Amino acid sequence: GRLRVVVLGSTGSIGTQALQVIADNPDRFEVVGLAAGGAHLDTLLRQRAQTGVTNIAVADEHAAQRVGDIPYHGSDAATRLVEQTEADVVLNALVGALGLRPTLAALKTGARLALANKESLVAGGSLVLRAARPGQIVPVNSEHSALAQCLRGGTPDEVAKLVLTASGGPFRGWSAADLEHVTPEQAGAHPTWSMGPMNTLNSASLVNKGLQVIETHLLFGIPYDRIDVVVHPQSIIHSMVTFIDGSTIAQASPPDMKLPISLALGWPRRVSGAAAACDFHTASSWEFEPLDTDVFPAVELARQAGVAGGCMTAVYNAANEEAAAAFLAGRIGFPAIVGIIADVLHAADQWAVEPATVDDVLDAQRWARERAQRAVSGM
């Protein structure tokens, strides 16, 4: 009846909007657990008071101490919260490949995994897939939500292509020469979406879209050569499916995460009033343009990593995390992010083996981070 929801990363952008959806719909949903890093205790304490949930995980030990009487604390806290909390839905909105163990714990419980943490699927790969029932993983991001809705337009044998839309980021249309001068402040403001700091930078570099191409292949089982990316600056069309007869089915809404969040939580059932619809009483246009793959090769790199398979997507992601951190610190330039990913991937021969265990995945990421640092040291 009422779905019991554990919210991991409750204090971030996705987590807060998820709590708002749940608060607006006490008929459909109830929060039963919260996990956070500890960097925003004000927010977390506010959430504790508002939801009445004391079943809480805090990653940072000093922060958990500061609060007092937090039942789960330390780096395995989110995972143990998931293992020990009875739930129908686990919303994983943690950031980074650190969401991997909670993702795997969630799947092992049999709960629906409402997945915002793309990195756990990208890194985990077949390891995560083997742990899931069909339909157990339900994507929270707007692109995959769109695709899931659009796929209802036909049978699986009728699918020709999945078309992912990308905003193009703040630097859409820029030359490679132009990109050399980009600052962390210039890359820090998204034209259409309000997200956390990592998702915002990844949108500017197109790595977000590369990761989403990987997730698409893993979630929906479609070959990489049938996953297209088109640039759509308005971010109103969220993605499309083209069928074998020539028909395309597209999903559209004004950008608002509460829509895909609500659908992921309540899948298959839509949540009335979750978000504003497109308003056709006023003029608008939906524009499409090809991605410039020469200036922005991150999606092509993602495909190459995805095709190689095994632990190579974990390498792609881990290489990004390192180079991105070096960009935000002011150590390397903007175009060095995707350049280092490329350098790491093409040295990553050994990592095409399929992971048997989390340890295999961790091993690949450890290597990639080290190799990424070596690439940074060289510039």
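All residue numbers are counted from 1 along the displayed sequence.
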Average Cα temperature factor in the PDB entry - higher stretch of 41-49, 312-320: 41-49
Between the two ranges 263-271 and 194-202, the one averaging a larger CA B factor in the entry: 194-202
Residue selected from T293, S120, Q212, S145 by maximal Cα B factor: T293
Top Cα B factor in the deposited entry, candidates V299, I237, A177, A77: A177
Ranked C-alpha temperature factor of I22 among modelled chain residues, by third: middle
Where the record places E287 (Cα B-factor, split into thirds across the chain): middle
Ranked against its chain, the third holding the CA B-factor of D279: middle
CA B-factor placement of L362, once the chain's modelled residues are sorted into thirds: lowest
Chain-wide C-alpha B factor ranking for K108, given as lowest, middle or highest third: middle
